[PDB]
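Residue numbers (the authors' numbering), protein chains in the order written: chain C, 497 to 545; chain A, 27 to 50.
Working notes for the structure below.
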């Protein structure tokens, strides 16, 4: 790795984020807020995605 | 020595709950 090297030979930093989708409880979530709970009425529910 | 593994070794293949069903 020299600064004069061609871009193909120049150093690149790489980060790979790997996550498995919904099959169990979760600990990494987005910024989404929450709301109270209502029963016995047809509603649009979104439990942990 | 050897022995017979009668019916043991079955483990929950998925982390999803199910009920009253025969799943393959």
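Where a beta carbon is used, it is the ideal one built from N, C-alpha and C, also for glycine.
Exercise for the section: Give a yes or no on whether the C-beta atoms belonging to residue 513 (chain C) and residue 545 (chain C) are separated by under 7 Å. Expected result: no
Problem - Secondary structure of residue 508 (chain C), DSSP reduced to three states - result: coil
Practice task
Could you give the DSSP three-state label for residue 47 (chain A): helix, strand or coil?
Solution key: coil
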